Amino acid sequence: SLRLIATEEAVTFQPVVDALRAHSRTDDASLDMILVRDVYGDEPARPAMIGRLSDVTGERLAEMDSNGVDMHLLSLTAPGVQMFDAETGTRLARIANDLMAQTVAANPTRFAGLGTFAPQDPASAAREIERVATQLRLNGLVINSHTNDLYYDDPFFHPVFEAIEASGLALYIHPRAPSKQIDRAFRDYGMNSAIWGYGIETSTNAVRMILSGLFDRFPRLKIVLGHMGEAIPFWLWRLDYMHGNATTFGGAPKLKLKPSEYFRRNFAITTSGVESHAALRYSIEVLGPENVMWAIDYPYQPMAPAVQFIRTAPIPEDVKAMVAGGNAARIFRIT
């Protein structure tokens, strides 16, 4: 009877798959090409993945039922539509969002959905964000860290965040591989991926957002970070302590709040890929129990262990209910 709403659950659609299959044959130097060739390539190292990402009502729903999971909140899998040229990305975002709405509508008690967009073209992405919010009535938004090797402090993306803030939709900033600004250090030992690169790429993006003052410009933004907040909850004291030096000697702009206060006000986190009771308890302690959500990270992680992690969490039942689904129901407006 614990209501479980999993918040970082990947899906894909045939038009996006086809575009990535084509993209896999190009000489794109993005570090995401490792993943793209592994999953979408002509000789894939991970040949079952397209099928598992594409499936919603077969194995996925069967696994949900066997583990007592009420819902998946679906998101177009990284790297979404962000690797394509602007026209292509804009077209495919629309298509993927329409298909997400269609998927959710077939089983709305079991699936909710996040829309995505192509920030390669900020003006067009702003229009699509508005369409996602008001015409499709999806539950929120998802984007995969950097676009065009730029981070979201860049004023280039202001029209995107203006539209997101106005829409009231939370934005899940999911990882992708380290951008070209930092990828040189992530070429070895599989560090391009979830084992290290994903967290460094995504957390650096979010820290730039905070320190740049994005949340003074757009104070009603809600951002969600998976992987126990990409470790930002662990760094809060030092982010705050060193901020004086940053604005005094480092040219950082003066902010209305402390870095950690933006993190608690404007961000929430999920437990995707971090099935640690100690890290969960730490995060609840420093963020508050309203700011932590459960996730599986299916199909990149299996459902049973993630479910058992939350069902056995050494926290009171009321807090467990918040983490398991209550918070997600609030943040992603799930009835």
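One-based numbering along the sequence shown.
When the two stretches 1-9 and 324-332 are set side by side, the higher mean Cα temperature factor goes to 1-9.
The stretch 245-253 shows the higher mean C-alpha B-factor when 245-253 is compared against 167-175 in the entry.
When the C-alpha B factors of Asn291, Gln308, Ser272, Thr26 are read from the deposited coordinates, the top value falls at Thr26. Note on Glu285, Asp38, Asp65, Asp297: the highest value goes to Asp38, judged by CA B factor as recorded. Sorting the modelled residues of the chain by their CA temperature factor places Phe84 in the highest third. In the deposited entry, the Cα temperature factor of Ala278 sits in the bottom third of values across the chain's modelled residues. Looking at the C-alpha B-factors along this chain, the one for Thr204 belongs to the lowest third. Among the modelled residues of the chain, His227 sits in the lowest third by CA temperature factor in this PDB entry. In the PDB entry, a CA B factor belonging to the middle third of its chain's modelled residues is recorded for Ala313.
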